[PDB]
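Presented below is the structure to which this report refers.
What follows is calculated from the coordinates using simple rules that are stated; it is not laboratory data. Because the Cβ atoms are built from the backbone with ideal geometry, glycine has one as well, and the counts that use them run over all protein chains shown.
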Amino acid sequence: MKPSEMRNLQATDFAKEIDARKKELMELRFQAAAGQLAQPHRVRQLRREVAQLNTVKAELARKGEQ
RNA sequence: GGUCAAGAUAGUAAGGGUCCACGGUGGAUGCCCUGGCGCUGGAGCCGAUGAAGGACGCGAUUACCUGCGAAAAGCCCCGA
Ligand SMILES: [Mg+2]
Ligand SMILES: [Mg+2]
Ligand SMILES: [Mg+2]
């Protein structure tokens, strides 16, 4: 999900979570410019997930520092 | 009526002229507003927490614009 699946997980996972999200994003690219990339959405969605992840580790790391 | 004689005037337009009909060119005029212009009133500073203003980037296809900043036409929270 968007709220309930990120803040339950710890950041040492986030680093390599980011990492794998990237990796798939990259292979996706290679596909795209190789053709055909029949599911363009998946790209932007992975973007969305990434932005989520970082927003999360950020707000969190700074709210645990209270 | 044919010949000859004397004398007179017609029509053709290569082209042009005036008018008429019919288009072409051009974009005046009328209408319209998606843009202005002034007056009244309101509001009036930004920035070392990086300003105004940019450069390069972010798109399934992206040259211009717009939005954005490698979390990149967007990301989290609340409210309509
Ligand atoms: Mg002639
Ligand atoms: Mg631009
Ligand atoms: Mg909302």
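Okay, here's what the table says:
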| quantity | calculated |
| --- | --- |
| Segment A:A33-A:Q10, extension gain: residue separation times 0.36 nm, minus the distance between their alpha carbons | 4.8 nm |
| Sites excluded, GluC sites (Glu not before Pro) in DSSP loops with at most 14 other C-beta within 10 Å, longest stretch of chain A | A:6-64 |
| J(HN,Hα) series, region A:58-64, from Karplus relation 6.51 cos²θ - 1.76 cosθ + 1.60, nearest Hz, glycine and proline x | 5, 2, 4, 3, 8, 9, x |
| Charge tally in the Cβ shell below 15 Å around A:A38, where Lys, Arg are +1 and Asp, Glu are -1, A:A38 excluded | +2 |
| Extended-chain gain in nm, criterion 0.36 nm per residue less alpha-carbon gap, A:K23 and A:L60 | 10.9 nm |
| Binned Cα-Cα distance frequencies in chain A - 10 Å width, integer % | 19, 46, 23, 10, 2 |
| Computed magnitude of the charge dipole of chain A (debye, nearest 20; Cβ of K, R +1, Cβ of D, E -1) | 200 |
| Centroid-to-centroid separation of region A:1-39 and region A:44-66 [C-alpha atoms, Å] | 14 |
| Under 22 Å from A:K22, Cα to Cα: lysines that are on another chain or at least 8 residues apart | A:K2, A:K57 |
| Anchor A:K23: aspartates and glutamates whose Cα lies under 18 Å away (excluding residues fewer than 8 positions away in-chain) | A:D13, A:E49 |
| Sum of -39500 (n - 2.57) over DSSP H runs of 4+, divided by residues of chain A (222 nm, nearest 500) | -25000 deg cm²/dmol |
| Residues A:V50, A:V56 arranged by fewest to most Cβ contacts within 10 Å | A:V50, A:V56 |
